[PDB]
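J.: this one's sequence-less:
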């Protein structure tokens, strides 16, 4: 329901494949019960049909006819911690406008889908060495936080690449790089 | 049993009436089954629901069920693995109907549209095709050609025919008639029919797969062409309908230049940095969201040529004409939608030979 300046918003409830499943009823409310073995929902909020801000509060629940803490119902994106350190500046090209840098990059995130059991390995940490995040993700068929350098020119020399995962599900990445980056914003006037 | 197998267009109907389980083989099709007796014209009412879409008003689901109640006495949809018997009140001839449903397959917005694809119906002597649709329905197309002298020989390709389908072609010059010669051969070049002197010819094929190629020869000095070629299927009259000749895909292309890295004045080449984008529509690339639970497919860090070999489908491969050496490609990706729309994106750093430099 809107807070102020109500524009009569339109809401929809479709399947994961876009097939509609339920429609709103005029404080727009709607209900739906699914009986299939696997049942995934997507909530659509449309405002295409000049307005001042949004001022909206959306309430959803499962098996909660009353409504109006509990547990989270919507999917939440993973949170990634990132750090970068610069060790050297190899050179600067003043004609092609690019520079070379040497440094260290570290990533870390938590994902319960990567967990395992120590019984089947007799080990605490898993190892994937000399492989990028993209290559490892294809091997284990799991989504991973692939990254790239935006203004990279040519290939880069990567050293000490490694990923380690713990039984809880915490993973991290480490790499030492030597890269050349294009910088067209140089001004030598 | 022997079941059945067929193809479904944007809007059509296949019936399997018997005088005495549906699956999606591949494509965008959303199977639907009808068991209404005394078939007259079900497709008329379905278009009304699609026209002036009132899904955003109250609901499209309720309207579809209401209209299907009038048309059909019993029916069910088809989603995933059998997600969605009649009543046999007395004797008679059964009726089986199809023609997809009204559904949405995108998350950015809400566009209800029909679906097309191929299906494998799984509904002893029980296999028989009995369609009430108009068999003599014609696909007549007219176009103008130009031979002159730049291209003496012209050929056109015809879509697949049917054993019960006949082909008729007609052509005649406008002025300065040179008595043109026309031929009709197979896809492999084997002749099938010959012209008869306003050259006309007819041919009927009965094989399971029947593909035709139309040959127009002008080799045997003339002023222009001034020709009008008329062809049709199951149209003995001749003299809009649907297209009969194959049409090439249309590709939209854009290029943007971001920087000029350098210029070599001795070898005459320059280096550039930019962005390239391509997009085209191809129904053969469509899929069904049920088998993936997703809207877009992904092919990352692979060129168009590499992806085409993987999926065994023709794709618009391209190249830089004057490229020297290798080029640094970044952010290569292709994404396809269930409808069939695909696009390409890439950031490049290339060196191109320019022998037209003049530093005088």
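T.: The structure has been received and is ready for your questions. Numbering: from 1, shown residues only, chains lettered A, B, ... in the order given.
J.: show me which residues of chain A sit near chain B.
T.: Counting by CB under 8 Å from any CB of the partner chain, the residues of chain A close to chain B are A:10, A:12, A:14, A:16-20, A:23, A:36, A:40, A:42, A:44, A:46, A:48-49, A:95-97, A:134, A:148, A:152-154, A:182, A:184. (Each C-beta comes from the backbone N, C-alpha and C, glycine too.)
J.: tell me the buried residues in stretch A:6-20?
T.: Buried residues in stretch A:6-20, counting neighbours by 16 or more other CB atoms under 10 Å in any protein chain shown, are found at A:9, A:10, A:11, A:12, A:13, A:14, A:15, A:16, A:17, A:18, A:19, A:20.
J.: I'd like the distance between the closest residue to the first one other than its chain neighbours and residue B:66.
T.: By the measure of CB to CB, 6 or more residues apart in numbering or on different chains, the closest residue to residue A:9 outside its immediate chain neighbours is residue A:47, 5.8 Å from it. Here the criterion is CB to CB, to the nearest Å. By it, residue A:47 lies 29 Å from residue B:66.
J.: for chain B, what is the nearest residue in chain A?
T.: residue A:17 (3.0 Å; CB to the nearest CB).
J.: got a list of what that residue touches?
T.: B:105, B:289, B:290, B:293, B:294, B:295 (CB atoms under 8 Å, 6 or more residues apart in numbering or on different chains).
J.: out of these, who's nearest chain A?
T.: For the contacts of residue A:17, the nearest to chain A is residue B:289 (3.0 Å; CB to the nearest CB).
J.: for the closest one, what are phi and psi?
T.: phi -60, psi -20 (degrees, to the nearest 10).
J.: buried stuff in stretch A:141-154?
T.: A:144, A:152, A:153.
J.: swap in stretch A:85-99?
T.: A:96, A:97, A:98, A:99.
J.: which two among the buried residues of stretch A:6-20 are spaced furthest apart?
T.: A:9 and A:17 (23.9 Å; CB to CB).
J.: was I right to think residue A:43 contacts residue A:15?
T.: No: at 11.4 Å, residue A:43 does not count as touching residue A:15 under the criterion of CB atoms under 8 Å.
J.: who's in contact with residue A:9?
T.: Counted by CB under 8 Å, 6+ apart, residue A:9 has contacts A:2, A:28, A:45, A:46, A:47, A:56.
J.: need the max-distance pair from those.
T.: Spatial extent of those (CB to CB) is set by the pair A:2 and A:46 at 13.7 Å.
J.: who has more neighbours, those two?
T.: Between residue A:2 and residue A:46, residue A:2 has the larger neighbour count (other CB atoms under 10 Å in any protein chain shown), namely 16 against 13.
J.: does that one have beta-bridge partners, and which?
T.: For residue A:2, the beta-bridge partners are residue A:56 (DSSP bridges).
J.: so it is in contact with residue A:55, correct?
T.: Yes: at 5.8 Å, residue A:2 counts as touching residue A:55 under the criterion of CB under 8 Å.
J.: what sits against the residue nearest to residue A:9?
T.: Listed by CB under 8 Å, 6+ apart, the contact set of residue A:47 reads A:7, A:9, A:10, A:54.
J.: do residue A:15 as well
T.: So residue A:15 contacts A:21, A:40, A:41, A:42 (CB under 8 Å, 6+ apart).
J.: number of residues surrounding the residue nearest to residue A:161 when sequence neighbours are not counted?
T.: In space, and not counting its chain neighbours, residue A:161 is closest to residue A:175: 4.9 Å by CB to CB, 6+ apart. By other CB under 10 Å, the residues close to residue A:175 number 18.
J.: tell me what residue A:175 is bridged to.
T.: With DSSP bridges as the rule, residue A:175 is bridged to residue A:105.
J.: give me the number of residues near residue A:173?
T.: Residue A:173: 22 neighbours (other CB under 10 Å).
J.: isn't it right up against residue A:107?
T.: Yes: Residue A:173 lies in contact with residue A:107 (CB under 8 Å); the separation is 4.1 Å.
J.: now stretch A:77-88, how far from the centre of its chain.
T.: 14 Å (CA atoms, centre = their mean, to the nearest Å).
J.: from the rest of the structure, what touches it?
T.: By CB under 8 Å, 6+ apart, stretch A:77-88 touches A:101, A:102, A:103, A:104, A:105, A:106, A:107, A:108, A:109, A:110, A:111, A:145.
J.: of those residues, select the buried ones using a PyMOL command.
T.: Here is the PyMOL selection string for the buried members of these, based on 16+ other CB under 10 Å:
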select buried, chain A and resi 105+107+109+111
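J.: doesn't residue A:100 make contact with residue A:153?
T.: No: with contact defined as CB under 8 Å, residue A:153 does not count as touching residue A:100 (9.7 Å).
J.: and for residue A:109, nearest residue in space, chain neighbours not counted?
T.: residue A:80 (4.6 Å).
J.: what's the neighbour count on that neighbour?
T.: Counted with other CB under 10 Å, residue A:80 comes out at 12.
J.: show me what counts as buried in stretch A:30-45.
T.: So, applying 16+ other CB under 10 Å, stretch A:30-45 has no buried residues.
J.: run through who's touching that stretch.
T.: So stretch A:30-45 is contacted by A:9-16, A:18, A:21-24, A:58, A:60, B:80, B:83, B:107, B:110, B:293 (CB under 8 Å, 6+ apart).
J.: rerun at 6 Å
T.: A:11, A:12, A:14, A:16, A:21, A:22, A:24 (CB atoms under 6 Å, 6 or more residues apart in numbering or on different chains).
J.: just flag the most distant two among those.
T.: Going by CB to CB, the pair spanning the contacts of stretch A:30-45 furthest: A:16 and A:24, at 19.1 Å.
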